[PDB]
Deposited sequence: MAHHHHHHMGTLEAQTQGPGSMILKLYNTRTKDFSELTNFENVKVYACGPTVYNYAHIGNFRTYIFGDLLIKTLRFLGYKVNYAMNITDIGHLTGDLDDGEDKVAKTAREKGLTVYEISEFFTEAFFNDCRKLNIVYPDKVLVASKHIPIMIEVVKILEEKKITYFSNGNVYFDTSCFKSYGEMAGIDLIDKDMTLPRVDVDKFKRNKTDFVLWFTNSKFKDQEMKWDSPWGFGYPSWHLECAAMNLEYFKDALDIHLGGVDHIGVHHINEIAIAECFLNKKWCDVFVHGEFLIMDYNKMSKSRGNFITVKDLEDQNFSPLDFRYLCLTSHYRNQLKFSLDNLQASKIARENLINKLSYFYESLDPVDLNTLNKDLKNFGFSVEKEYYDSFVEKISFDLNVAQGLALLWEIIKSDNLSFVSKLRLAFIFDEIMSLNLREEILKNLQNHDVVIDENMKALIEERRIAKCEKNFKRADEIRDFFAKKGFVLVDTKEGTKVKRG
């Protein structure tokens, strides 16, 4: 199945036919303070996307920059501290770690080498202490969106008389536009496939990257640009959300029930609905899982997408169809709830689909079911009294394999045997 996504460059869905090696760049955070949940809506978006490509069978190499420069103790200690915390918040929200993290301060050579090239193509100029890119040397500029020579000219390199680097234009630092563009060009070379960000990058930052890269390359760069819509509040960090007694994954759930091209109206009340819906999901799945016999239970340890019933495959394909049309994970979730409540599926089938959909949803369902069950009370009914005999016998016949298999059945339901 081919992923179809909404491409801002062309205002229609682009088809993604190249399964062998798709390259994805996402603008990363500023690292001068904790990121807020608005930033994480967008990172959950990148996550949903890479996870969907992978789920659909694409091999993805995904890169993210970290801007650790000087917004517009050691500056490095600070940005190092808020770098670890960002990725710590990421782990709390089950956001896949990029395959490559490109740190602006570690890639100044390529940035300088891209300016050198642009200057030799007569595209640049120096004014008021800065090297500017001259956008009129470039008829196409900004078609994706709609002391300077032109309003929309942009800085490439900042200089000053007194974090700083030497250059052919003097000591200075790059603009954020040149960091994103140059780093892509070094890491992915002439060949980005999908470039992500928030909608606010449409009208300045992304078109600026494009200008840099396509003038450098002297050709088409990066066919697909995908943008996520804003999270709107009446800004909040994850700590704030933990401190008000929410769980990170509650915000995750909330991000899941809304397509990436919609604005998300955030509130405590909608976060609360998400917390309850996520809580019921886990409780319902826990009842299903508690109720299993050894043969059904072993089946979920195994190859999940090896379906035992056509009706599972049906729901799997209905799922694929949904996510493959433009990252519609919200309809995926909707589908899981149809599945949970369904009377044409056994308990074991519902869990299989849960565990498969969770490869995208990333709610820790498996491990949330084990935690939920470890908190109910012990009730030894007959079917349990008998596995123990089966076990006490097997441990006497000295068939420790069977004994350990029984043991490992109780453990997966949260029981220990002493």
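**Student:** Unmodelled stretches of the deposited sequence, numbered from 1?
**Tutor:** Gaps in the modelled chain, taken against the deposited sequence, lie at 1-21, 94-112, 187-203, 220-224, 297-306, 491-501.
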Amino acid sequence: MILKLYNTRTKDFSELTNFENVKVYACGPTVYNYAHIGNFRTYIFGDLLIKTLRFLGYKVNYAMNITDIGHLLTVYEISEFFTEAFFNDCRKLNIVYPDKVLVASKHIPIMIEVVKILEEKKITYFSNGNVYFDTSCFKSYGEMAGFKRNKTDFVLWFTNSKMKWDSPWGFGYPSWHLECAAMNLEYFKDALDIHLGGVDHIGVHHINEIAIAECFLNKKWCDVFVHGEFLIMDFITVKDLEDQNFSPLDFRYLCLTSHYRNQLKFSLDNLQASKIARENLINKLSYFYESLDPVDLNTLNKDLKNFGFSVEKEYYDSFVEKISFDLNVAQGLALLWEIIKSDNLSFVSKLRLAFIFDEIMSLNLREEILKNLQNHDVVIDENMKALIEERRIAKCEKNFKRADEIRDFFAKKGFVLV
From here on, numbers count along this sequence of modelled residues.
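**Student:** Which of the two stretches, 182-190 or 197-205, shows the higher mean Cα temperature factor in the record?
**Tutor:** On average, C-alpha B-factors are higher across 197-205.
**Student:** Between 136-144 and 267-275, name whichever shows the higher mean Cα B factor according to the PDB entry.
**Tutor:** Of 267-275 and 136-144, the stretch with the higher C-alpha B-factor average is 136-144.
**Student:** Per the coordinate record, which of the options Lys151, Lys92, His259, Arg252 holds the highest CA temperature factor?
**Tutor:** That would be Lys151.
**Student:** Which of these, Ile112, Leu102, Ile282, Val75, has its C-alpha atom at the highest B-factor, as the entry lists it?
**Tutor:** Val75 has the highest C-alpha B-factor of those listed.
**Student:** Ranked by Cα temperature factor within the chain, is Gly172 in the lowest third, the middle third or the highest third?
**Tutor:** Its C-alpha B-factor belongs to the middle third of this chain's values.
**Student:** Give the position of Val22 by CA B-factor within its chain, expressed as the lowest, middle or highest third.
**Tutor:** According to the entry, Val22 has a C-alpha B-factor in the chain's middle third.
**Student:** For the chain shown, is the CA B-factor of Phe235 in the lowest, middle or highest third of its modelled residues?
**Tutor:** Highest third.
**Student:** Is the Cα B-factor recorded for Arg391 in the lowest, middle or highest third of its chain?
**Tutor:** For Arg391, the deposited C-alpha B-factor lands in the highest third.
**Student:** Relative to the other modelled residues in the chain, which third contains the C-alpha temperature factor of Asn88: lowest, middle or highest?
**Tutor:** As the PDB entry reports it, the C-alpha B-factor of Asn88 lands in the lowest third of its chain.
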